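One structure is given below, encoded as structure tokens.
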Amino acid sequence: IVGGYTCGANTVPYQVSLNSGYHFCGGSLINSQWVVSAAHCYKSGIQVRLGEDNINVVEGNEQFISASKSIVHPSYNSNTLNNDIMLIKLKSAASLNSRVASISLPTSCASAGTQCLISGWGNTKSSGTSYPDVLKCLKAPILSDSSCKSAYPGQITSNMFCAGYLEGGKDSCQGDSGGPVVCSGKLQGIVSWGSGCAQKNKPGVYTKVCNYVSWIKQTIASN
Ligand SMILES: N=C(N)c1ccc(/N=N\Nc2ccc(C(=N)N)cc2)cc1
Ligand SMILES: [Ca+2]
């Protein structure tokens with residue numbers, strides 16, 4: 001997260017870190033045994049780390065649970081990032097508590113202007129690189145689809161939405177991928193892609209979770 005702030009320990013209790021020996025993506029706990037992340041976060045050997053604040057220090061609220069199954073969206077296209085969503089089932093149910101909590105799926109879609117919380121352990125610099133140890137947060141509005149498609153001509157699909165600030169300075173970034181965009185208590189977005197980070201007129205692009213609620217629910221129910 002570039003231009004964000006320190007969330008505060010466990011203030012984003014659905015935020016998970018995907019760990020393959022190191023944090024490589026965020027995700028969101030959607031129930032005790034399921035995380036949603038970006039399909040582009042797919043890899044083998046995922047350990048889901050819940051209750052994390054400082055990802056480099058065991059602070060006492062963590063649960064580390066191995067993925068038992070990853071399910072990349074059937075239509076995920078890695079070239080375009082269309083359908084950049086993946087479900088990860090945990091080998092065992094997370095113990096739910098104030099610091100490890102699921103985030104509600106939308107029952108529809110959010111609108112341009114809705115303020116969302118985007119969070120992650122991604123890069124905090126727009127030029128160069130600095131990785132935070134503690135979870136960073138960003139309040140950002142959903143941008144109109146038109147501004148989104150204007151910022152990224154030919155690349156924005158109906159499964160993507162932009163959020164953030166056309167002026168630059170405030171954005172998600174590498175390392176935030178797969179993590180949540182939560183608007184009005186619902187996971188509306190997954191950190192998906194962008195051009196650089198926090199650059200003028202290059203807002204974050206997020207997987208439009210509301211398009212996937214049927215698939216998420218059906219997939220979870222069947223798995
Ligand atoms: N500007 C954003 N909102 C945003 C920008 C980039 C982003 N990147 N995610 N992942 C990502 C993963 C790997 C590389 C790499 N091969 N070096 C670069 C980026 C995730 C979000
Ligand atoms: Ca920790």
Side-chain angles (χ1 to χ4, degrees), residues 1 4 6-73 84-106 116-124 131-138 172-183 185-192 204 206-207 209 212-213 216 219-220 223:
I1 306 281
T6 298
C7 302
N10 310 108
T11 56
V12 187
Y14 50 85
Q15 168 86 233
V16 311
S17 166
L18 305 185
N19 186 291
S20 57
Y22 43 91
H23 167 87
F24 66 91
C25 275
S28 302
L29 192 64
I30 60 184
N31 66 214
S32 79
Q33 213 156 347
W34 289 90
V35 164
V36 67
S37 188
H40 85 260
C41 290
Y42 163 78
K43 50 166 66 182
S44 269
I46 292 177
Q47 187 190 61
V48 179
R49 302 198 154 195
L50 310 95
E52 287 282 22
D53 185 45
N54 189 322
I55 54 161
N56 276 325
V57 181
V58 174
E59 296 182 290
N61 296 124
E62 298 91 348
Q63 301 174 42
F64 294 166
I65 305 157
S66 287
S68 63
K69 186 190 281 188
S70 285
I71 305 169
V72 166
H73 195 275
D84 191 11
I85 186 168
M86 163 187 75
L87 286 158
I88 299 163
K89 192 178 178 185
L90 310 185
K91 281 191 189 194
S92 59
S95 178
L96 303 176
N97 58 54
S98 94
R99 294 183 172 85
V100 175
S102 48
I103 183 67
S104 292
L105 295 179
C116 304
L117 183 64
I118 309 173
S119 50
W121 293 274
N123 194 355
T124 59
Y131 286 91
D133 296 307
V134 297
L135 185 65
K136 294 294 171 170
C137 277
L138 174 65
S172 60
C173 200
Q174 182 172 2
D176 295 319
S177 290
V181 180
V182 161
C183 325
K186 315 287 185 193
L187 181 65
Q188 297 283 183
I190 294 168
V191 180
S192 182
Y206 298 93
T207 306
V209 173
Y212 299 97
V213 292
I216 292 175
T219 298
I220 287 166
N223 284 279

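One is the number of the first residue; the rest follow in order along the sequence. Excluded from the calculations below are hydrogen atoms, water molecules and symmetry mates; all remaining heavy atoms, backbone and side chain alike, are included.
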Side-chain heavy atoms of [X] within contact of [Y], under 4.5 Å:
{"X": "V181", "Y": "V209", "value": "no"}
{"X": "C116", "Y": "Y206", "value": "no"}
{"X": "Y14", "Y": "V182", "value": "yes"}

field: side-chain hydrogen bond (donor to acceptor under 3.5 Å, both in side chains): pairs with one or both residues in residues 20-34, sequence neighbours excluded
entry: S17-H23, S20-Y22, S20-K43, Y22-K43
Donor-acceptor pair, distance only, cut-off 3.5 Å: does the side chain of [X] make one with the backbone of [Y]?
{"X": "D84", "Y": "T207", "answer": "no"}
{"X": "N97", "Y": "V100", "answer": "yes"}
{"X": "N10", "Y": "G51", "answer": "yes"}
{"X": "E62", "Y": "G60", "answer": "yes"}

Can you name the side chain to side chain donor-acceptor pair (under 3.5 Å) partners of [X], sequence neighbours left out?
{"X": "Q15", "value": "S119"}
{"X": "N61", "value": "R99"}
{"X": "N54", "value": "none"}

query: In chain order, what residues pass the ring-ring contact (aromatic ring centres under 6.0 Å, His included) check against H73, with sequence neighbours excluded?
result: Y212, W215
- request: Count the heavy atoms belonging to other residues, nucleotides or ligands that lie under 6.0 Å from OH of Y42, then report whether that count exceeds 12.
  value: no
Partner of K136 under side-chain hydrogen bond (donor to acceptor under 3.5 Å, both in side chains), chosen from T124, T6, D176: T6
- request: Would you mind listing every disulfide bond (SG atoms under 2.5 Å apart) that reaches into residues 14-66, with sequence neighbours excluded?
  value: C25-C41
- request: Check the side chains of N223 and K89 for a donor-acceptor pair under 3.5 angstrom, ignoring hydrogens and angles.
  value: no
